[PDB]
Amino acid sequence: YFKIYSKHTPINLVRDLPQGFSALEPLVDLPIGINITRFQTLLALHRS
Amino acid sequence: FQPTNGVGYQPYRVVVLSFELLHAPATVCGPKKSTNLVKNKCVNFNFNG
């Protein structure tokens, strides 16, 4: 099972992580049944 | 295939369903059903397993 937990928080701190408490709700459980050992973030380019 | 052929030569559509169980979690499940809900009595409840 691949569990994805998520939380959205409105912050106004400029640079670092804010200090506080926010419990993450379970968002989606995926029946994948596969081995995962590596991950990579996906970004978006800006073209002009 | 002709419409006037015998029953042993007429076309038959065959669909073969193969059921396998693997180490991955089984996701093709049969329908579980449901009865009507009865309240205020001592009953045996089965809610989502």
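This write-up is about the structure you can find in this document. (Residues numbered from 1 in each chain as written, not as in the entry; some residues may be left out. Chains lettered and ligands numbered in written order. Part of a larger assembly, values for the part shown. Heavy atoms only, no water.)

Note on placement: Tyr1(A) falls in the segment before β1 (2-6). A C-alpha to C-alpha distance of 6.5 Å links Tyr1(A) and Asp29(A), two positions 28 residues apart in sequence. Setting aside its immediate chain neighbours within four residues, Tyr1(A) contacts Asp29(A), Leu30(A), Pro31(A) and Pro25(B). (Helix = DSSP H or I, 4+ residues; strand = E, 2+ residues; numbered from the N terminus. Contact = heavy atoms within 4.5 Å.)

Inspection of the secondary structure puts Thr9(A) in the loop between β1 and β2 (25-30). Sequence separation between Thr9(A) and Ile36(A) is 27 residues; the distance between their C-alpha atoms is 28 Å.

Here we come to the pattern of salt bridges. All names here are of chain A. If you walk through the whole model with that rule in mind, you get one salt bridge over all chains. Note that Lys7 is salt-bridged to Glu25, the shortest N-O span being 2.4 Å. Of this pair, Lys7 sits in the loop between β1 and β2 while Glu25 sits in strand β2; the two residues are 18 residues apart in sequence, bridging distant segments of the chain. Looking at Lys7, the relative accessible area reads 35%, which means it is partly exposed. (Salt bridge = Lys/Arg side-chain N within 4 Å of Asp/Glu carboxyl O. Buried < 20%, exposed > 50% of the residue type's maximum accessible area, 1.4 Å probe, protein only.)

Enumeration over the complete set of coordinates arrives at one aromatic pair over all chains. With a centroid separation of 5.6 Å and 40° between ring planes, the pair formed by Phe45(B) and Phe47(B) is classed as tilted. (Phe/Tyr/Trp six-rings, centres within 6.5 Å; stacked < 30°, edge-to-face > 60°.)

We now examine a nonpolar patch on the surface. All names here are of chain A. Side chains of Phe2, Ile4, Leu27, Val28, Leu30, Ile34 and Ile36 sit close together on the surface and give an oily, nonpolar patch of about 610 Å² of accessible area. Taken together, the elements giving at least two residues each to the nonpolar patch come down to β1 and β2. Ranked by residue count, the leading element in the nonpolar patch is β2, at three residues. Looking at the element boundaries, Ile4 is found in strand β1. The partly exposed category is assigned to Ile4, whose relative accessible area is 35%. (Patch = residues over 30% accessible without salt bridge, like charges linked within 9 Å, V, L, I, M, F, W, Y side chains within 5 Å. Areas by Shrake-Rupley, 256 points an atom, 1.4 Å probe, with all protein chains shown as cover.)

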